[PDB]
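One chain is shown next in structure tokens, namely the form deposited in one PDB entry.
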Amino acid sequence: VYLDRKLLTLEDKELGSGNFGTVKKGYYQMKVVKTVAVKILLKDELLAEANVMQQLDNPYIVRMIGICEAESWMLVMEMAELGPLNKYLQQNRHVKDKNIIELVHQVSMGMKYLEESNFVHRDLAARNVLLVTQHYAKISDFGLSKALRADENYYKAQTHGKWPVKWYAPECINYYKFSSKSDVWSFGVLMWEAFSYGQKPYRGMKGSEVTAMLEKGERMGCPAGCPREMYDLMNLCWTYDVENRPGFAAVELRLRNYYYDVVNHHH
């Protein structure tokens, strides 16, 4: 869990930055050296994220090397060189439809594992997916993540905070209730963003106007070039009723079959 600071080499230029803090590129001496992504600061929220990540073991989840306490608290991760999914698709609009299906199905696989593990992500969005290659996606940013209690299928938040409302299910807004089903809702928004090549959902709308629109039964339209079947799944993830909304096991199966169907059609 705890890493030796002298084994860590940090690069001067910041790889990434945001309201969360900063991301720096580094090297961790393990016989070989390991290229790492280091998240810098709050201490309770960083240790809590590390505690969640330590318990996770999946190919479609960013791996935590460990934590380091120096000048600031550091979350040391395995490097995904291509960065955030939304920023990548924005910079590469020539990425084929099949490649978008491949990447969102990988996210559904990591989320399926996360659901089986009774963990709620609570910040599933394209900005929080990282690319190892153009054909390899991993879920990151576990700072709002909660291990569900043995007796409950949801996490109840005690009062409001800094929340990405455009990704949140109506029950998250109306009852402060976060489940794997509510992560399914965020995933539908994530699908929309990927098929819109990193475009922001609910363009020019306030958080409250988005709540008003969803309550009326209105949903985001089909992105240009997005297949019928993927927009149907998007709308299914956007089922207002938590009970009738599918879980990741069913969302991953629809994506898995659709991907192989596109793969077959290709050759």
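Between two forms, the rigid core is defined as the largest C-alpha subset superposing within 1.5 Å. For every residue, the number given is its place in the sequence shown, counted from 1. Shifts are known only where both forms have a C-alpha.
- For residue 161, the record comparison shows coordinates absent in at least a third of the other entries of this protein that model its neighbours.
- Where coordinates are absent for parts of the deposited sequence, a chain break appears; between neighbours residue 236 and residue 237 there is no such break.
- Gap check for residue 224 to residue 225: zero deposited residues are absent from the model.
- Once the C-alpha B-factors are averaged per stretch, 70-78 and 139-147 rank with 70-78 first.
- In this crystal structure, the stretch out of 114-122 and 160-168 whose C-alpha atoms carry the higher mean B factor is 160-168.
- Looking only at 196, 180, 174, 106, the residue with the top Cα B factor in the deposited structure is 174.
- When the modelled residues of the chain are ordered by C-alpha B-factor, residue 128 sits in the lowest third.
- Placement of the Cα temperature factor of residue 41 within the chain: highest third of the modelled residues, per the deposited record.
- For residue 201, the recorded CA B-factor ranks within the lowest third of the chain. Only modelled residues enter the ranking.
- Residue-level temperature factors show residue 50 in the middle third of its chain, judged at the C-alpha atom.
- Among all modelled residues in this chain, the alpha-carbon of residue 62 has a temperature factor (C-alpha) in the lowest third.
FYI, the form deposited in another entry isn't displayed, but the following is about it.
- Core-based superposition between the shown form and the other one shows that, of 94, 149, 160, 135, only 160 has its Cα displaced by 2 Å or more.
- Superposition on the rigid core between the shown form and the other one places the CA atom of residue 259 less than 2 Å from its counterpart.
- In the core-superposed comparison between the shown form and the other one, residue 21 has its Cα shifted by at least 2 Å.
- For residues common to both forms, superposing the rigid core between the shown form and the other one reveals consecutive runs of 3 or more with all Cα shifts of 2 angstroms or more at 15-21, 159-161.
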